[PDB]
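Residue numbers (the authors' numbering), protein chains in the order written: chain C, 1 to 59; chain A, 1 to 59; chain B, 1 to 59. Note that beta-carbon positions come from the ideal geometry of N, C-alpha and C, so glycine has one too.
What follows is the structure, given as structure tokens:
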């Protein structure tokens, strides 16, 4: 009569065919770090190489 | 007895430990623009530099 | 009185304003391949170019 079961495991999931499924499997796991976190990293090493960018300009 | 509250705020959220939580916090916000939208941008400037790619080939 | 309808289509969706909405539209579709799958690809061609990296070092 009622569909909810109230599943509590601290885990996150979506509504699919009347089933609770970890969205992470469709997000692509990696903590999701591999989508977001790399972009943040690139700037950091790339930015320290600017000392060479103005070097040409100033001299 | 019943778990649903019917929360309406135009916002989107997932089922976690019996709580409605904004999936955006796990998507990584930025509108999500910073995952998708950059990829689309790279092509654009990179593509305008093709005039130099055939230049070598043709001459 | 009750909000659930039990929609079964094998498709996945989130809870928004009391409506079932395909999270894919907010994920950015592409199978999501275009967020995850490219990163995996870059390594592959980039890694085959290492034969040139040690070449300088060894000679």
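Between residue i and the rest of its own chain, which residues show a CB-CB distance below 8 Å, the 5 nearest in sequence each way excluded?
i: residue 24 of chain B; result: 12 and 32
i: residue 28 of chain C; result: 34 and 35
Sort the options by Cα distance to residue i and report the nearest one.
i: residue 36 of chain A; options: B:26, B:16, B:7 and B:15; result: B:26
i: residue 9 of chain C; options: A:15, A:10 and A:4; result: A:15
Just the C-alpha distance for residue i and residue j, rounded to the nearest angstrom, thanks.
i: residue 7 of chain B; j: residue 17 of chain C; result: 7 Å
i: residue 58 of chain A; j: residue 48 of chain A; result: 17 Å
i: residue 46 of chain B; j: residue 54 of chain A; result: 23 Å
i: residue 39 of chain C; j: residue 40 of chain A; result: 15 Å
i: residue 2 of chain A; j: residue 5 of chain B; result: 15 Å
i: residue 44 of chain A; j: residue 50 of chain A; result: 11 Å
i: residue 42 of chain C; j: residue 52 of chain C; result: 17 Å
i: residue 56 of chain A; j: residue 56 of chain B; result: 26 Å
Whose C-beta lies closer than 6 Å to the C-beta of residue i among residues of the same chain, with five residues either side of it excluded?
i: residue 22 of chain B; result: 13
i: residue 20 of chain C; result: 7 and 13
i: residue 30 of chain C; result: none
Quick one: list the residues of chain E neighbouring residue i, beta-carbon separation under 8 Å, in chain order.
i: residue 23 of chain C; result: This model lacks chain E altogether; the protein chains it does include are C, A and B.
Name, going along the chain, the residues of the region 31–53 of chain A whose beta-carbon falls closer than 8 Å to a beta-carbon of chain B.
-> Against chain B - using a Cβ distance shorter than 8 Å - the residues of the region 31–53 of chain A are 32, 35, 36 and 39.
May I ask you to list, following chain order, the residues of the region 8–19 of chain B that have a beta carbon less than 9 Å from some beta carbon of chain C?
-> In summary, the residues of the region 8–19 of chain B whose CB is separated from some CB of chain C by less than 9 Å are 8, 9, 10, 11, 12, 13, 14 and 15, in the order they occur in the chain.
Beta strand (DSSP E) segments (min. 3 residues) lying fully within the region 19–58 of chain C = Fully enclosed beta strand (DSSP E) runs of 3 or longer: 19–21.
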